[PDB]
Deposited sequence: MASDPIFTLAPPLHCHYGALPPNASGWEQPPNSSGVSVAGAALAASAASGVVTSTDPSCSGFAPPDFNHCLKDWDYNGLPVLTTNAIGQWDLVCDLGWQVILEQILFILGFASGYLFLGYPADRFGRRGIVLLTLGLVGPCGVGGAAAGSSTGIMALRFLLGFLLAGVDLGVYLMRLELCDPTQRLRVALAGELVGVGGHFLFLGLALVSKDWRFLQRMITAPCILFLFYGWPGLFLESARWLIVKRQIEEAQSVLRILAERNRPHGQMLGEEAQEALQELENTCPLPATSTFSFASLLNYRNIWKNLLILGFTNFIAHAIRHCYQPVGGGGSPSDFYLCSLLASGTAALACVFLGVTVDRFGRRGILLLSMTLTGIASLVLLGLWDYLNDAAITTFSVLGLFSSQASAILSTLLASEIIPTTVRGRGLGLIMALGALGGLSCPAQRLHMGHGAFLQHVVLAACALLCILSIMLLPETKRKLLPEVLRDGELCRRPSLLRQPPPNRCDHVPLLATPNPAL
């Protein structure tokens, strides 16, 4: 499918950006890279939406994904640096649903506009990745951090071991991404007709996935919830597959929507935990790599869940059994 090829190229662009723009991030700086990546995302995204040739379309889509990866990593670094450690957690949580907000707003626009005309060409349902349609302005709306840095610099001028936690968090971040798309018993999107019902659900499920992850991790600790946010999907994925002995089609939805809680809470939280282990220096080398594994792990739905479709439980059990490995290694932190 053309859309799935776009999504796979976009995920590969995210992987390449997250894996190759860390060294510039910690060498050149954490501010200039954001400006360069955003000022290239703009024209690159416009051209990708403009120049339609089916051969350069994927090239500019990959380039846009690479630049979006760079700007996302830079924005993450600036958020974790400028903000005070007392409330940095809330900023990071709000900085992880920014793409969720962009995608939900795009879908709401399409609904109120009633213009479902970019659909009806897609043979299969599109991948739900947020940043595919949550890039347009969500990151340029997150340019508020550039303003904050500008005012901080102006005020300043006026006044004038590690690898062990990287692999455990890398696998946890990778699994928490590649298992989110597996919580979809209705095909791999249930045709584009049901795409909005799943985009609203996934975005809406991410909203509550930041509530019990937003108000409890401070009291319970980031490691304690990460174990719970990885064992909740360790029960939400067996009864979904193994013990689904007449789940009456209603316990199939209370568990999948519960799976998207833990899967999207063990991916948001795992990104935060990588910051503490890595020092201020070379922070982007490893912290970007953790989501680089995660961004590369967004290949569940596009690469295999939609392409094969039939017998997709074999991927679900492999990833669900891999969650046991992540659970047994989370306590090792």
item: Regions left out of the model, expressed as runs of the deposited sequence counted from 1; value: 1-97, 258-302, 476-520
